[PDB]
Amino acid sequence: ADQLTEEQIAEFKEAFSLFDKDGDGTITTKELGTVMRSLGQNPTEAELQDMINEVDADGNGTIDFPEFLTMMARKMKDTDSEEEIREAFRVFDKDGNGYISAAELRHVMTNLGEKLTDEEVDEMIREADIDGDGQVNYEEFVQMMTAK
């Protein structure tokens, strides 16, 4: 469910290596807000200094990838991002039936303000047999926008 998918673990791994110039698989605290900003997250300085005070328990002023996975899990656990897209698709379920027209679905994804490109959705529409019927549920399209 709210468990980190193998992809989400890789996405954070690429952003974590961008600042791993020590080939030690670790990064400094000064580059913590920079890695989070790479994923599009903007925590305030106090929010960062608060987690650092707890992680800076070793006194190494550094962070390794496993502990980094514990930081994203604290943000995205009981409040996965999936609850944000599903609640939006809800705004689009005017019939409380759990189904909307592919248009209202592609629209749910664009009005949200996601950095989605019309080409990426066209790929998500190919495996989401959006034909054969005429209307499609979003639970399948929600997991796709998060991470295949």
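With (1) of a type in the set (S, T, N, Q); (2) surrounded by 14 or more Cβ atoms within 10 Å (Cβ to Cβ); (3) part of a loop (DSSP other than H, G, I, E, B) as the list, and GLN8 as the residue in question, which single condition is left unmet?
Condition (3) is where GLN8 drops out.
Would you confirm whether any residue within region 80-92 is surrounded by 12 or more Cβ atoms within 10 Å (Cβ to Cβ), of a type in the set (S, T, N, Q) and within 22 Å of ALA10 (Cβ to Cβ)?
Yes, region 80-92 has at least one match.
Do we have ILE52 as assigned to a helix (DSSP H, G or I) and among the β-branched types (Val, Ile, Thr) here?
yes
Find the residue count for region 134-146, including only residues that are within 21 Å of the chain's Cα centre (by Cα) and either buried (at least 18 other Cβ atoms within 10 Å of the Cβ) or assigned to a loop (DSSP other than H, G, I, E, B) (or both).
So the answer is 6.
Just to be sure I understand the filter: pairs with C-beta atoms under 7 Å, separated by 6 or more residues or on different chains, first member in region 1-17 and among the aromatic types (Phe, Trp, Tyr), second member not in a loop (DSSP other than H, G, I, E, B). Which pairs pass?
Close Cβ pairs (under 7 Å, with a partner that is not in a loop (DSSP other than H, G, I, E, B)) amount to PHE12/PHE68; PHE12/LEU69; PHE12/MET72; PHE16/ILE27; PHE16/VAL35; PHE16/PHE65; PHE16/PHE68.
Could you please find all residues in region 115-133 being over 20 Å from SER81 (Cβ atoms), in contact with a helix residue (DSSP H, G or I) (Cβ under 8 Å, 6 or more places away or on another chain) and not in a helix (DSSP H, G or I)?
The one that is over 20 Å from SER81 (Cβ atoms), in contact with a helix residue (DSSP H, G or I) (Cβ under 8 Å, 6 or more places away or on another chain) and not in a helix (DSSP H, G or I): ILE130.
Could you give every pair whose Cβ atoms fall below 7 Å, whose first residue belongs to region 36-59 and is touching a residue at least 12 places away in the same chain (Cβ under 8 Å) and farther than 20 Å from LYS115 by Cα, and whose second residue is surrounded by 12 or more Cβ atoms within 10 Å (Cβ to Cβ) and hydroxyl-bearing (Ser, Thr, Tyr), counting only separations of at least 6 or pairs across chains?
These pairs meet every condition: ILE52/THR29; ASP56/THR29.
Looking at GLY59 and the list (1) crowded, with 16+ Cβ neighbours inside 10 Å; (2) in a loop (DSSP other than H, G, I, E, B); (3) not hydrophobic (A, V, I, L, M, F, W, C), which single condition is not satisfied?
If we test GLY59 against (1) crowded, with 16+ Cβ neighbours inside 10 Å; (2) in a loop (DSSP other than H, G, I, E, B); (3) not hydrophobic (A, V, I, L, M, F, W, C), just (1) comes out false.
What are the residues in region 16-37 that are of a type outside the set (A, V, I, L, M), part of a helix (DSSP H, G or I) and crowded, with 16+ Cβ neighbours inside 10 Å, if any?
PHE16, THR29, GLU31, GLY33
Within region 64-114, count every residue that is closer than 18 Å to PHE141 by Cβ, in contact (Cβ under 8 Å) with a residue 60 or more places away in the chain, outside any helix (DSSP H, G or I) and among the charged types (D, E, K, R).
1
Scan region 19-31 and report the pairs whose first residue is charged (D, E, K, R) and whose second residue is not in a loop (DSSP other than H, G, I, E, B), with Cβ atoms within less than 8 Å and a gap of 6+ or a chain change.
Pairs that qualify, where the first residue is charged (D, E, K, R) and the partner is not in a loop (DSSP other than H, G, I, E, B), are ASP20/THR26; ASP20/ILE27.
Since every read-out is calculated from the coordinates, none of them should be taken as a lab result. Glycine also receives a Cβ, built like all others from the backbone with ideal geometry; neighbour counts cover every protein chain displayed.
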